[PDB]
Amino acid sequence: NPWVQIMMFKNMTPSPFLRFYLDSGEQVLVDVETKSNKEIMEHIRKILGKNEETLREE
Amino acid sequence: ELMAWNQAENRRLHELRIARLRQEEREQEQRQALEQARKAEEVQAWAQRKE
Amino acid sequence: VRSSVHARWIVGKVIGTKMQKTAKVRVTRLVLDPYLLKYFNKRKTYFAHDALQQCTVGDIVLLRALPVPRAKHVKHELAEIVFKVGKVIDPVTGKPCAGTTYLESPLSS
Amino acid sequence: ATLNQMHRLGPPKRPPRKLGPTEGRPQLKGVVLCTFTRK
Amino acid sequence: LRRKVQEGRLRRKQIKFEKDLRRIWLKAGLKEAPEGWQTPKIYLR
Amino acid sequence: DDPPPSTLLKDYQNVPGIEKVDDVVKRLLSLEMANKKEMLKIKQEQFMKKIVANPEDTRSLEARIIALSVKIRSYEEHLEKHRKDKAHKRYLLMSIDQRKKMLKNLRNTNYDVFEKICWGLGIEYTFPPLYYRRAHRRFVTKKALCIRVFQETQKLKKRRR
RNA sequence: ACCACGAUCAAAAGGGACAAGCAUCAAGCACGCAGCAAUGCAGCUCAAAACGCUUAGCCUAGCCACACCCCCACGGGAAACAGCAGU
Ligand SMILES: [K+]
Ligand SMILES: [Mg+2]
Ligand SMILES: [Mg+2]
Ligand SMILES: [Mg+2]
Ligand SMILES: [Mg+2]
Ligand SMILES: [Mg+2]
């Protein structure tokens, strides 16, 4: 995703989390305590990732 | 629906966080009462010495 | 179609507030080094219209593109303040925090 | 060097090659001014 | 002999500095230097 | 301002019946007959009571900043008299830099306490320079001329319009 | 289309991206912002390389630039093959 702006923040809150800003103006919050990196990847793929059908169409 | 599911997941994780924090609070209260008793004894000793 | 500004939504840190109704913001993106294949931060400065002068140096802000530039370098406006400097509210729990410690316990509410 | 140092310095910059007596040309025309011998 | 060369270089250096300063206000549109300006001799004790 | 010399020592303020003792005992247990460190301790607790939310917590960043401020004042008082004490000059400068770092951390973490500390201790927080380059004579003169030329051009532009 | 509805193609304008060497080129010198304007603030770029000098057509279904010179061409130098063949 070369055109998506990724920024990181350290030790600003007691809990880790991800936030996604959408073009419409919506924000998506994903809490990631107790979750492995693989679980986080699967969660973000499910909620905001293109499915295999769309990729195959592309 | 995906956004709603994400919000529900956040709520479930929040419930688990609250439960864990309550466990932490009980163990805290215990050790903190112990330490407060120790400090009460220390203050008693210091006050007696100064008197 | 909604704007002629390239960067529609960006997140940055306010690095200057010496202009009237304008905040100078630092935006970092991750750029791949072609040789080392490691990602490094690349910085860019943006001027954001801040009508109310609520921005303080060091706070993390979200900028939304203006439909058209209002000045030579002012192409964005302050959509919101993501993290006020030293007054961070934890989004997961909603409670004030100072770094990694809660100022107000989540259990209190 | 560290990866940060390699990134900041960037790719190695080979100095430009030195031009020889022919100035990078196969041959050169010339006019003889004098002939002699050397040891 | 190194001396006279060295002060000659200092004089040319001062002239170059003054020329750059003059270029500034000439390009700015001012016909003369700013009112009350005098280029200091910064390369001589 | 220093505490009055009649103030009782920090360790002899909450002892019961300290008001019912002879005037000589009060003198013996006052700041008048102690070293400077007891006066500094009294200053420290006064600042803690006046500023911090919980005066008993000494591990907090604001409490540490108050302690370092009291120590910096003590070093400054020492150095007014011993102008040629280099070790204490070093200690004063290091303490000031450390307090600046602590103030930066407090500002980044707790802004309300940062403001309350800055008001209570009279500290004027300053931002660091952006560029660290030598300002030699040529640059200084050129910058002064450029400022002057900009001023003259602004006057000319305003008048001409 | 030819009534445009609108497609295709593509200028000018706005936003973004975009070669190499030299830091013995480290400061640029008005390079910003706000207001309907009057005017007000003093700002803007830069060691994460600004500013400058030098080198080079480029990212090749092709593209860019130039078209005797004075960047341009009212005007001036002056009388033009960097179209083909040829000298
Ligand atoms: K030309
Ligand atoms: Mg165009
Ligand atoms: Mg060429
Ligand atoms: Mg010709
Ligand atoms: Mg021409
Ligand atoms: Mg020909």
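Below, all heavy atoms of this structure are taken into account, side chains as well, without hydrogens, waters or symmetry copies. Letters A, B, ... mirror the listed sequences (proteins, then strands); counts begin at 1.
Going from the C1' atom of G:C2 to that of G:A11 covers 23 Å, rounded to whole Å. As rounded to the nearest Å, G:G15 and G:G21 have P atoms that lie 29 Å from one another. Distance check on atom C1': G:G35 versus G:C5 gives 44 Å, rounded to whole Å. Across the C1' atoms, G:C25 and G:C46 are found 13 Å apart, a figure rounded to whole Å. For G:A73 and G:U87, the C1' atoms lie 32 Å apart once the distance is rounded to whole Å. Separation of the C1' atoms belonging to G:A79 and G:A85 is 23 Å when rounded to the nearest angstrom. When the P atom is compared between G:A23 and G:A50, the two are found 14 Å apart, to the nearest whole Å. For the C1' atoms, the distance linking G:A30 with G:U8 amounts to 47 Å, nearest Å.
Whole-Å rounding puts the F:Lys143 NZ to G:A26 P distance at 18 Å. Across the protein-nucleic acid pair, C:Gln20 atom CD and G:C33 atom P stand 12 Å apart, rounded to whole Å. One can place NZ of C:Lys18 at 8 Å from P of G:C44, the figure rounded to the nearest angstrom. Between F:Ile147 atom CD1 and G:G28 atom P the separation is 12 Å, expressed in whole Å. Between C:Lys44 atom NZ and G:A48 atom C1' there is a gap of 15 Å when expressed in whole angstrom units. Between the CZ atom of C:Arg8 and the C1' atom of G:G15 there is a distance of 11 Å, given to the nearest Å. Atom P of nucleotide G:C25 and atom NZ of E:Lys16 are separated by 11 Å, given to the nearest angstrom. Protein atom NZ of C:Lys72 is 17 Å distant from nucleotide atom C1' of G:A34, rounded to whole Å.
RNA chain G is contacted by both C:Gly16 and C:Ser4; C:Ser4 maps to the nucleotide lying nearer its 5′ end (nearest heavy atom per residue). Nearest-nucleotide positions on RNA chain G for D:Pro12 and C:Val5 put C:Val5 closer to the 5' end.
Nucleotides G:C36 and G:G40 fail the base-pair criterion, which asks for a Watson-Crick or G-U wobble arrangement whose two donor-acceptor distances both fall under 3.5 Å. Using the rule of two distances under 3.5 Å, G:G52 and G:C63 do not count as a Watson-Crick or G-U wobble pair. Under the 3.5 Å cutoff applied to both distances, G:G35 and G:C41 fail to qualify as a Watson-Crick or G-U wobble pair.
Under the side chain to side chain contact (heavy atoms under 4.5 Å, CB included) test applied with A:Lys35, the options A:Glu42, A:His43, A:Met41 reduce to a single match, A:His43. The side chain to side chain contact (heavy atoms under 4.5 Å, CB included) with C:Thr17 is formed by just one residue from the set C:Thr56, C:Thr22, C:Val57, C:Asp59; it is C:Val57.
When the side-chain nitrogen and oxygen atoms of F:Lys158 are compared with OP1 and OP2 of G:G40, one or more of them lie within a distance under 4.0 Å. Considering only side-chain N and O atoms, C:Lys24 lies under 4.0 angstrom from the phosphate OP1 or OP2 of G:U45. When the side-chain nitrogen and oxygen atoms of C:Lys42 are compared with OP1 and OP2 of G:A48, none of them lie within a distance under 4.0 Å.
Note: F:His88 and F:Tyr91 have perpendicular aromatic rings, judged against thresholds of 30 and 60 degrees for the angle between ring planes.
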* Run the numbers on E:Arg9 and E:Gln6 for side chain to side chain donor-acceptor pair (under 3.5 Å), then give the verdict. => CA-CA 5 Å; E:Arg9 289 174 184 178; E:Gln6 188 274 151; over 6 Å; no
* CA sep, side-chain torsions, deciding dist, call: B:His14, A:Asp31, side chain to side chain donor-acceptor pair (under 3.5 Å) -> CA-CA 9 Å; B:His14 188 55; A:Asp31 191 42; over 6 Å; no
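Distances were taken from every side-chain heavy atom of C:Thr45 (C-beta onward) to each of G:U45, G:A30, G:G28; the shortest belongs to G:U45. For C:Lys21, the side-chain atoms get nearest to G:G35 when compared with the rest of G:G15, G:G32, G:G35. Checked against G:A30, G:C44, G:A26, the side chain of C:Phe47 finds its nearest nucleotide in G:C44. You'll find that the side chain of C:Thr22 is closest to G:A34, out of G:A30, G:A47, G:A34. Considering only side-chain atoms of C:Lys75, the nucleotide from G:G16, G:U45, G:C29 that sits closest is G:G16. For F:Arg133, the listed nucleotide lying nearest its side chain is G:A26; candidates were G:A34, G:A48, G:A26. Checking G:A48, G:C29, G:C33 against every side-chain atom of C:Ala71, the shortest atom distance belongs to G:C33.
Here F:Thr153 lies out of heavy-atom contact (under 4.0 Å) with every strand. Counting non-hydrogen atoms under 4.0 angstrom, C:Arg70 reaches the backbone sugars and phosphates but no base. Across all strands, F:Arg138 comes closer than 4.0 Å only to sugar-phosphate atoms, never to a base (heavy-atom distances). Residue C:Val74 is in sugar-phosphate contact alone, with no base atom involved, counting any heavy-atom pair closer than 4.0 Å across all strands shown. Using a 4.0 Å heavy-atom distance criterion, F:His136 is classed as a sugar-phosphate-only contact.
A cation-pi arrangement is absent between E:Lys31 and E:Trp25, since the terminal nitrogen or guanidinium carbon is not both under 6.0 Å from the aromatic centre and inside a 45° cone about the axis.
Searching all strands for a Watson-Crick or G-U wobble partner of G:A30 with both distances below 3.5 Å returns nothing. Across all strands shown, nothing is found opposite G:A56 as a Watson-Crick or G-U wobble partner with both distances under 3.5 Å. A 3.5 Å limit on both hydrogen-bonding distances identifies no Watson-Crick or G-U partner for G:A67.
With hydrogens and angles ignored, no donor-acceptor pair under 3.5 angstrom links the side chain of E:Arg23 to the base of G:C29. Between the base of G:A48 and the side chain of D:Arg8 there is no donor-acceptor pair shorter than 3.5 Å.
Between the side chain of C:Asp50 and the backbone N or O of C:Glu77 there is no donor-acceptor pair closer than 3.5 Å. Within the 3.5 Å criterion, the main-chain N or O of A:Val4 finds no donor-acceptor partner in the side chain of A:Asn1. A donor-acceptor contact shorter than 3.5 Å is absent between the side chain of F:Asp97 and the backbone of F:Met94.
F:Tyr131 does not qualify as a stacking partner of the G:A47 base, lacking a centre-to-centre distance under 5.5 Å together with planes within 30°.
Under the 90° criterion around 0 for the glycosidic angle, G:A4 counts as syn.
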